[PDB]
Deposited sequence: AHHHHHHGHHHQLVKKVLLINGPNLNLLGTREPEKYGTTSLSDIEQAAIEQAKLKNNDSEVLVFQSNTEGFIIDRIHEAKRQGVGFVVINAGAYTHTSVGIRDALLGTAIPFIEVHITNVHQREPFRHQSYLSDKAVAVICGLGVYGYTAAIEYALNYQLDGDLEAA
């Protein structure tokens, strides 16, 4: 049963929500950190965001070294474009759930393809920032 979970957010996700509710990246991350703290059995949620593909891959490599046992990832645009992230998650063999805040199926068809869905444990989309909470409950419940 998983104690170490890493939340990753991809490009542009630092900009929520400067433009549709004031919910920021900082919020999501915090709520995730606190989610685990509150199980009080040393679960931990580590957090990372970047706009660089390679850096997200670097972070995933790091995660394995770190004994991270699950990843909740919202790869933002990189979902549609990055085989590299897919190969990283496969490569280090860490199970993961793909999060999208909005319903991608509502948008441009290029967004309906993902390089993560078919290898994710699960894909949550359009559940809002709550979608990160649901993934993290799943994660903290998953057998090593």
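If you line the structure up with the deposited chain, the stretches without a C-alpha atom are 1-12, 32-35, 161-167.
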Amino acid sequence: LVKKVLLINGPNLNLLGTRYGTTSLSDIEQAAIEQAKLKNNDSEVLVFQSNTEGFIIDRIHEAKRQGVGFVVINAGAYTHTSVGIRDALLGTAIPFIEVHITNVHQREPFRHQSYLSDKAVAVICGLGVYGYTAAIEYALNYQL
From here on, numbers count along this sequence of modelled residues.
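Relative to its counterpart among 49-57 and 24-32, 24-32 has the higher mean temperature factor, C-alpha atoms as listed in the PDB entry. Relative to one another, 39-47 and 97-105 have unequal mean CA B-factors, and 39-47 is the one with the higher figure.
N12: CA B factor in the lowest third of modelled residues in this chain (values from the PDB entry). Among the modelled residues of its chain, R65 has a C-alpha B-factor that falls in the highest third, as given in the PDB entry.
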